[PDB]
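Bear in mind that the values in this text are calculations on the coordinates, not laboratory data. Don't worry about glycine lacking a Cβ; one is built from the backbone with ideal geometry, like all the others, and counts go over all protein chains shown.
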Amino acid sequence: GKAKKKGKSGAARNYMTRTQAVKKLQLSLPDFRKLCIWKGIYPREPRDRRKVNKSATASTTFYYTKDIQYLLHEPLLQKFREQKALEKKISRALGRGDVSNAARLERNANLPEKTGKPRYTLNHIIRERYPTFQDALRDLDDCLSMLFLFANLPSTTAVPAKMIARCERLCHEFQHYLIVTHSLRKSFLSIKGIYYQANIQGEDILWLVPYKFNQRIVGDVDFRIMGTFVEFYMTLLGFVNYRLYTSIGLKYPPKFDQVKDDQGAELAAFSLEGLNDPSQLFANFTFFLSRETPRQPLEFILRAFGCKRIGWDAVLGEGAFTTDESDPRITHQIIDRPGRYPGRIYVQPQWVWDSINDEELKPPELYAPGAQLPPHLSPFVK
Amino acid sequence: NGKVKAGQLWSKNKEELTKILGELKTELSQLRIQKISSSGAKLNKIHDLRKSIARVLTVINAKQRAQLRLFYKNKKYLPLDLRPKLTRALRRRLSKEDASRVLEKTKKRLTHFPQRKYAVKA
Amino acid sequence: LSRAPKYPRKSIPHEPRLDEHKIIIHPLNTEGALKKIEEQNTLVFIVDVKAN
Amino acid sequence: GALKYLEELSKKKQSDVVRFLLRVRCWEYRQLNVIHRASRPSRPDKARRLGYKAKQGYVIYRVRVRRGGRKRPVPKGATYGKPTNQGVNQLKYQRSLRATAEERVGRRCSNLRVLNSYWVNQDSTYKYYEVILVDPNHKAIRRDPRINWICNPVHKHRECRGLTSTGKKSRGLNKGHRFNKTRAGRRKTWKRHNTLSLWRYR
Amino acid sequence: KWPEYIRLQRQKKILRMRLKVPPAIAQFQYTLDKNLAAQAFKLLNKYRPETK
RNA sequence: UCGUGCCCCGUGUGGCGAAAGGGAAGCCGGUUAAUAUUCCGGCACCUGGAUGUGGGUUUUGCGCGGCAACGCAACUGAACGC
RNA sequence: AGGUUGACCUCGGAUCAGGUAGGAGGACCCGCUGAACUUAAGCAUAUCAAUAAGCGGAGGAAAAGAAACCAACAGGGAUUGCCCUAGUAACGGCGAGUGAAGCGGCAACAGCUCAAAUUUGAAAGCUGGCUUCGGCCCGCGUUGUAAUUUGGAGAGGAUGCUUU
């Protein structure tokens, strides 16, 4: 019938640029990028970008029109608008000098610095993004690497200290689940960090944890969108931890002792309670970790592979089985320094990783202090 | 055949009612096709099928509206078709309580000096 | 802002006005149609005037 | 109360302060549109004594109307019947420019009810009025027994029937010997006087 | 070419400066200075009315 | 990234109004009782969209030839202008 | 940070949340506007007629209505309608004509609400949203929303009984 006009169909209708998407959603750029990261809207590339927009360049970002249409019905848009209006009310109250009204309006803002949680709730987004717990377990690699990396940073404006503490607490709860289920399988010491591989419900989960040192935040990364990733991943890991604890029939969240955490218990601040073979490799031994040894990976690995009596120095933290080094019940001692009590096996830390990787107890004479260590092989590469 | 009583339809629920509407429309179509080519009792059977379709649609609509009234029983705003009709002037009329509101002075006067019951001797 | 009404104006969505049983009424049984059946492999129907 | 002081101040319309205020307000209202909403009444004491309240549902609309006489809309302004001994320049409208302003404001806001109106300023070309309007559909209005009489359907368009103050003034609804022809309705009284009554046993 | 409301408010301010203002209105141009206003509000901020 | 903004531009304003004005593109043969540049057979065209193949161009990055008029199957071209 | 951060006022936008108006009918009702034929010997006052036509706006009735009234009495006492006043008072080219009201008898009867006051020892008032239906919020509002007062009075006192 009537002749069609050029550019009214095809890739021009299919794709949308970032500027057009922002103007269509009537959002700001930080809110748009945050929503795209949270909802999984990924950049796309047309075959010919001039057919979509004549002013587009090689740095132009294209999205799907149907993806923006789906973003139009997200309930977090009204949350953004209500939070902006609430902030305007708080500014008005502070400018008029009503401090009580300002505090009362501020307590409804749900600030991450005072809650430890994300500002905007992503619970409905979690079910949309992960229809199945298997998909959640498959994205747990990225989630665990992300949260274990941000467990050890100083507080910033994007990611506050209470949010970092919640990251560390969720990671500790996941580690406690792995310990009580003996799901940890392999570990590796690389030049970048410590690789951990576990098996949860038939799914292999591999993640990387940095060595406990001062981590450098460089300007080459987008730290605020990394913090948005952190918020999404803690929202995922909370429900993952809840489902795993309910499946093993334990109460969630676990009882957490603030006094012990204050004294430095770390993993020892949690007490797990009930609701209402390589796993016993270190069951009969008693370990003593010296202060120059990596306490959190050593404790996690030993407790996951069956050790029940681990002590350490008093500066390593509260919750040790014993503190004095002269305890006669100690069987093995981990030292890494360049006066040996009798009836005790002194080995370097690499003995623990080698023993858990080969599922057998290594000869201690090859791991004697001051000796040349055997090479540390990768347990993942056959 | 083709005559479906409303008493049977009032006990069915949604999906089998939609199904039976499907077959009733179906043999409506094919008995129109045999109507244009022959004659007999099909000319009464098509009327029976049409009335059966009307009954099924009526029952489905009535059950849907009853469910919607049950859902909107305790809400402030109702759909306009579920709102009472009355007339336009009756809908724009003042409510009974707003019409019966009185001032505080009038309330005091009616409380302490109402219309009394009395009689006069002859 | 887009509309976020507190109640739907119409409680029940309308059933589709033109379904297949209303589109197709009856085939044509004339000499032209009954020739076209074997001449052109074409079936002739009487349909609704609104259907495309 | 300050409204007593505003009353005695508004009585003195030829004082320097009131003349200056009237001049600047005349300029402002002439620069504004012919009919426009006023955010608040410019004469709060006059509005309050005429019935305005600071309550949701009460609005004020300001309006200017061209003043002078009324011209009959005949072509070339000339009548071709029997001679009338006068021109169309001296024909007078039987209602007030205040009533005309009230009707125009009511047509602008047909959903509301005109309560009353008052003169605010004037010049050679226009007269300026402010009209108080009440929302009959507002819950705060409908719950008040002092004002919910205006929610009844008998009070639709009082300004179009002459039920306002200027309407009663134009209709001459006053008791006495001076208002014999108009106190109960002029055309009704004329029909009553010119009807012929014939009883059965006459 | 400013909008009519901006033009109206600016020309209204200009007109009130151009015309001769009677003393009863012109006396409002002389107000408290910054220090005395600050001290007055410092005293009056202790005596705000009771909240809800 | 002071993350909740900034930059560019001026021309205004919408609709109806022509089966003879302007306009993207279909011809031939056959066929009915009555329709046909509309149906059937053959042979085409226009508009719009997506995306392949061949060919073209390119390591002298965006063709070559003719003095020239210009030619050749291609042979980048946004804003803003003529 | 002060070239900043805000509070107000005014004016806008939104397929924002919830509503409202248009048109019909128009016998009767409330207004606007408004003739001529006719009757005056003819005819510009007049009469028809403050009518027909035209325009705007309501309801089962509408309108009016509780005196800036009538009166001049030994005073009556909101409005409306009937009878009477009364073809009277009065108006009117060159006269054809026009024309009320008070009282009186009856029908039916019904009274009231604001503005002008400081609650100031406590905006006590209200729209909307969410509700676990207890309430909690966003607000409107002191340039005034509640209680009290309306000329018949009332406000302040004194006093001793009654009413819900």
> Does region A:124-140 include one or more residues that are aliphatic (A, V, I, L, M), more than 16 Å from RNA strand F (Cβ to nearest atom) and closer than 30 Å to A:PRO46 by Cα?
Replying inline: yes
> Out of all the residues in region B:88-107, which are part of a helix (DSSP H, G or I), charged (D, E, K, R) and surrounded by 11 or more Cβ atoms within 10 Å (Cβ to Cβ)?
Replying inline: B:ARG92, B:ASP98, B:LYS107
>> Let me confirm something: among A:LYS4, A:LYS23, A:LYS8, which residue is within 16 Å of RNA strand G (Cβ to nearest atom), over 30 Å from A:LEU236 (Cβ atoms) and among the charged types (D, E, K, R)?
In response: A:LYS23
> Among the residues of region E:1-40 satisfying the criterion of being under 30 Å from A:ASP98 (Cβ atoms) and surrounded by fewer than 10 Cβ atoms within 10 Å (Cβ to Cβ), which is nearest to the other protein chains (Cβ to nearest Cβ)?
Replying inline: E:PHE28
> Has region C:29-51 got any residue that is at the interface with another protein chain (Cβ under 9 Å from one of its Cβ atoms), within 16 Å of RNA strand F (Cβ to nearest atom) and assigned to a loop (DSSP other than H, G, I, E, B)?
Replying inline: yes
> Would you pick out the residues in region B:38-87 that are surrounded by fewer than 14 Cβ atoms within 10 Å (Cβ to Cβ), among the aliphatic types (A, V, I, L, M) and more than 9 Å from every other protein chain (Cβ to nearest Cβ)?
Replying inline: B:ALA41, B:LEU43, B:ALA54, B:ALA62, B:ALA66, B:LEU70, B:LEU86
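List the helices (runs of 4 or more DSSP H) inside region D:106-202, counting only whole elements, that have at least 3 residues being surrounded by 11 or more Cβ atoms within 10 Å (Cβ to Cβ) and away from chain B (no Cβ under 14 Å). Spell out the reasoning first.
Working: elements: D:139-142, D:158-161, D:165-171, D:186-194.
Hits in region D:106-202: D:158-161, D:165-171, D:186-194.
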> Here are some residues: A:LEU170, A:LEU208. Which one is closer than 20 Å to A:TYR245 by Cα, crowded, with 16+ Cβ neighbours inside 10 Å and out of contact with any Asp or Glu (no Cβ under 6 Å at 6 or more places or on another chain)?
Replying inline: A:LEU170
> For residues in region A:72-128 being in a helix (DSSP H, G or I) and of a type in the set (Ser, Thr, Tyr), which is farthest from the other protein chains (Cβ to nearest Cβ)?
Replying inline: A:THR115
> How many residues does region A:341-382 contain that are touching a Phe, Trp or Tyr at 6+ places or on another chain (Cβ under 6 Å) and farther than 30 Å from A:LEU206 by Cβ?
Replying inline: 1
> Mind checking which residues of region A:240-277 are surrounded by 16 or more Cβ atoms within 10 Å (Cβ to Cβ) and part of a helix (DSSP H, G or I)?
Replying inline: A:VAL240, A:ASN241, A:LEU244, A:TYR245, A:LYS260, A:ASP261, A:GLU266, A:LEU267, A:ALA268, A:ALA269
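Among the listed residues D:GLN94, D:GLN31, which satisfies the condition of being within 14 Å of another protein chain (Cβ to nearest Cβ) and of a type in the set (S, T, N, Q)? Let's see the steps before the verdict.
Numbers: D:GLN94 fails: within 14 Å of another protein chain (Cβ to nearest Cβ).
Exactly one residue qualifies, and that residue is D:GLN31.
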> Which residue out of A:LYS23, A:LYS51, A:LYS8, A:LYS66 is surrounded by fewer than 16 Cβ atoms within 10 Å (Cβ to Cβ) and not in a helix (DSSP H, G or I)?
Replying inline: A:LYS8
> Which residues, taken from region C:1-16, are within 11 Å of chain B (Cβ to nearest Cβ) and in contact with a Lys or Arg (Cβ under 9 Å, 6 or more places away or on another chain)?
Replying inline: C:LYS6, C:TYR7, C:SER11, C:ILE12
>> List pairs: first residue in region A:16-41 and over 25 Å from A:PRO131 (Cα atoms) and within 14 Å of chain C (Cβ to nearest Cβ), second residue assigned to a helix (DSSP H, G or I) and within 9 Å of RNA strand F (Cβ to nearest atom) anywhere in the structure, Cβ distance under 8 angstrom, at least six positions apart or on different chains.
In response: A:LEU27/A:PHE80
> Does region A:72-90 hold any residues that are more than 15 Å from RNA strand F (Cβ to nearest atom) and closer than 13 Å to C:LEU1 by Cβ, and which are they?
Replying inline: A:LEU72
> Looking at (1) within 14 Å of chain E (Cβ to nearest Cβ); (2) over 30 Å from D:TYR93 (Cβ atoms), can you tell me which one D:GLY57 breaks?
Replying inline: (1)
> Between residues in region A:149-169 that are within 16 Å of RNA strand F (Cβ to nearest atom) and residues that are among the charged types (D, E, K, R) and in a loop (DSSP other than H, G, I, E, B), which pairs lie under 8 Å by C-beta distance while being six or more apart or on different chains?
Replying inline: A:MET163/A:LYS117
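For region A:37-63, how many residues meet the condition of being away from RNA strand F (no atom under 13 Å from the Cβ) and either in contact with a helix residue (DSSP H, G or I) (Cβ under 7 Å, 6 or more places away or on another chain) or closer than 30 Å to A:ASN123 by Cβ (or both)?
Residues of region A:37-63 that are away from RNA strand F (no atom under 13 Å from the Cβ), as a first pass: A:39-43, A:59, A:61, A:63.
When the remaining residues are screened for being either in contact with a helix residue (DSSP H, G or I) (Cβ under 7 Å, 6 or more places away or on another chain) or closer than 30 Å to A:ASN123 by Cβ (or both), the result is A:39-43, A:61, A:63.
Result for region A:37-63: 7.
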> Can you tell me which residue in region A:26-48 is farthest from RNA strand G (Cβ to nearest atom), limited to those that are of a type in the set (A, V, I, L, M, F, W, C) and in a helix (DSSP H, G or I)?
Replying inline: A:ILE37
> So which residues in region D:166-202 are more than 28 Å from D:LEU115 (Cα to Cα) and of a type in the set (S, T, N, Q)?
Replying inline: D:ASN194, D:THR195, D:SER197
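Name the one entry in D:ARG183, D:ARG171, D:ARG187, D:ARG192 that is in contact with a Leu (Cβ under 7 Å, 6 or more places away or on another chain) and within 6 Å of RNA strand G (Cβ to nearest atom).
Of the residues listed, the single one that is in contact with a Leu (Cβ under 7 Å, 6 or more places away or on another chain) and within 6 Å of RNA strand G (Cβ to nearest atom) is D:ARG183.
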